[PDB]
Amino acid sequence: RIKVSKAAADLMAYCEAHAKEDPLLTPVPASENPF
Amino acid sequence: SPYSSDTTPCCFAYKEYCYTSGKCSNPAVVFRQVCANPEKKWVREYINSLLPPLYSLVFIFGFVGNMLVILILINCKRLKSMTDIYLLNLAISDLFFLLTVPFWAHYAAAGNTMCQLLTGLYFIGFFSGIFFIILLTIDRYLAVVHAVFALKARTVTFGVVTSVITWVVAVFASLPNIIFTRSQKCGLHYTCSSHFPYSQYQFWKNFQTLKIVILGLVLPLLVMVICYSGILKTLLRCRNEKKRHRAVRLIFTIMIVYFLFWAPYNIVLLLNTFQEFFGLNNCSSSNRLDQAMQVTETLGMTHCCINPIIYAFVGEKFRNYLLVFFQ
Amino acid sequence: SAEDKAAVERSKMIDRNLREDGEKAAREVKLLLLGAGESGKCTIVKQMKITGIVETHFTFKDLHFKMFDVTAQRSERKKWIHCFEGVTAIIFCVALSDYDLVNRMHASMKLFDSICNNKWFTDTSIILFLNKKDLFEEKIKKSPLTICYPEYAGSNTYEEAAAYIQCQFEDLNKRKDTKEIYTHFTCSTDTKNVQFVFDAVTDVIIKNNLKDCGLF
Amino acid sequence: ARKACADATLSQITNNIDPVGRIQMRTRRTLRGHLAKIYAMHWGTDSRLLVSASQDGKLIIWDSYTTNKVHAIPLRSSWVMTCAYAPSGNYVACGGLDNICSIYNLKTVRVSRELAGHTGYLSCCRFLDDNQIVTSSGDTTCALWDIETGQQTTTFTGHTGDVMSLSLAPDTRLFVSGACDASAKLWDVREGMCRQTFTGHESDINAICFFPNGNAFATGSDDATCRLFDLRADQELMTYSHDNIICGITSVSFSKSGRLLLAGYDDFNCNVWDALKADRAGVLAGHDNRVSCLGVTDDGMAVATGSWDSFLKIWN
């Protein structure tokens, strides 16, 4: 068991670097989108 | 009979070439009007050698009522039930019965094959609507009194086959008028009149009149009364006080509305084709009968408009689909 | 597009089988059987016609019936009772003799009231059967009905007792016009028991037909 | 003590980040062909094949890109509530009320084997690998099974009420499951011991999913609220509740980044919740019936969400 703030900062640090690779968060162009 | 443009003056007692309509007895070629002889005449053979606002709004009411029932099935029911394709094809048949009067107004105040296809569309729409009403009554009977047989027999493919056969037989019943018709404008305005070959004018006119009156009144009413007698005999044991009372009332209302909306048309036809009651009059029995024809045909158009209502909107399950569709 | 054409062509063959197999479920009727004090799902599967749920298939008068005995499922009902919605009817089996043992009738009425007033089981009828008809005759002579219910109508006879157990079941049914329920006393004859089932099932099909045809 | 280490909250830290806002979500394509309510589904790693289970007794495999059926599996029991797609793409799990996890081999379709041994209704299935599989049944206890041996290897118990769903970690080493007692327990795959329990809900939990990183996970209960739990702090990280929603939740999943939380409620549609600022980022509507299954592609391309109307829609 560690501090909740250290675990919370780790969770947002994971998605902040992964925000660029999220097609749901950032729309993918229609041509690259298979749908 | 297709529209008011069918009405033409007839030679009741007997230089341009024109043909009279098929709504008057004792036909004769019009020529001022000489009216020498319809056949066996050398001179005739030698010459032949060489409310309107209320009418449109009830149509708009019927159109919005027809396409609404069309789209609601594909959106909600998706034609999984067998009786769905019957009501859907009935709405398309009712469309052909209503989408003719906009072309009738555009045809006048402005050819021959276009008239024949237009009147054929109107006639096949009427016949298909009548046959689809008969088939819907038969489906209701088979579902009420033969529930197990309905479950073991009613298939979508069988309904499709029956609808195709219905369309084919309606087209077959309408082809006599298709072959025995011509534009015959013979004037500044465009007029559209049915014309018989006149070789057996009496017998053929009587045959067509008997055919139309039978298929309009005697077959649908008989099928309806048999199916509804069976439905009532099965439903008197419904054990529900409110649901049973509403269904028998709805059945009686459907029957009386079909009667009061289609029988006067056949009565006017039986009066004006036989001409045994009043045939000596030239215009006194002509203007009144043309007005009666117009009234009965607009009543039939109103009945075709209210058919989707009395066939779908009366159901409680059907009304829930529109509210979800409207959202 | 040779590979793409074969995928759509094979899918069209699949859609053909689902429409044909899906039509089989329309003709066949589904019946749900459940009992609180283990009285349900019994004495109805021993007919001549005949792992988690027991499923029995048989045809009577050109009609295929499907029953599902939910007995091994000891978990909460609210987590899987929504799967049985849309069935033709629900066959509820309650024992007339299950009133003095421990209270058993009160548990049966509670479970019957739970499924009858449930939000999902409102469009499907409920067929209620009275099991142990033979044993209930000699039980009332020794054990009075007043134990289970405070008011036994004072007659204490089988003619009034069988009616009192039947009439009190509709009290739990909150919806009378919205949903219809049946009630029949089971007999020793096997074909007589399914005779009411066929008559009740063929009536619910009529109920669904008028709703589909627009009469209701 | 868990409350001793709870000095701050995630919202007070995430507030500094830029909010996501409204997300343009449109139904690109809908999946038609089923004739009964759909309860569960699973997404493959390649995001090309899709599995769905309906009450019509047919478990057909979908092609997400071209929207057609590549396989048709006639189920023995029509009442099915769970289905899983193995990462190898060879086997497909399927449960139901038979208390049996039937396995069908797509690469031949033929039935591989059926796995019995449970007493409660099967509610969730997940493929740890090509040979191991974990199932969720109604006997208030999970179990680990093997396709090769066909027997129950490891049994995970501890709950008071029956469990309805479970999710797998990205490394297929840990898994959590929810139950009606408002408890989310963490079990080790190899060891088989319950590491910690994540309670705090006030109703029945129906949906549970892992974060892509694996340190946290979210749960879906019936009291119209989602609670996020992290394995590091061993407590409730944040809540996703709204006064507008009063209906229960059936499906909860995560995207690739994990910024947005897709939770399938019982209001005939789906909602999008930001997993950082607890702000709604869109509503996924279009279904005319209750939605019960939802899944996100591993590559994040699209999201399939099927409802009781026998239709599955794709959102990009």
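We count from 1, first residue shown onward.
Per the header of the entry, the method used was electron microscopy, 3.0 Å.
The backbone N, Cα and C atoms fix where each Cβ goes, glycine too.
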Of the listed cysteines B:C115, B:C283, B:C304, B:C305, which one does Swiss-Prot record as disulfide-linked to B:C192?
B:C115
Closest-packing stretch to the transmembrane segment (B:87-107), where packing means Cβ pairs under 8 Å, from B:117-138, B:213-232, B:292-315:
B:117-138
Over the unmodelled segment of 4 residues, figure out how far apart in angstrom the Cα atoms of B:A110 and B:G111 are, rounded to whole.
12
Cβ neighbour count (within 10 Å, all chains shown) around B:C192 (disulfide bond):
26
Under 8 Å by Cβ from B:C115 (disulfide bond), counting only residues of that chain that are 6 or more apart:
B:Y107, B:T181, B:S183, B:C192
Long-range neighbours of the topological domain 'Extracellular' (B:275-291), counting only residues six or more past its ends (CB under 8 A):
4, 7, 10, 12-13, 23-26, 268
Which residues, given as numbers and ranges, are at least 6 beyond the ends of the topological domain 'Cytoplasmic' (B:139-155) yet have a Cβ under 8 Å from it?
82-83, 86, 226-228, 230-231, 233-235
Flanking Cα pair B:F31 / B:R32, between which 5 residues have no modelled coordinates, distance in Å:
7
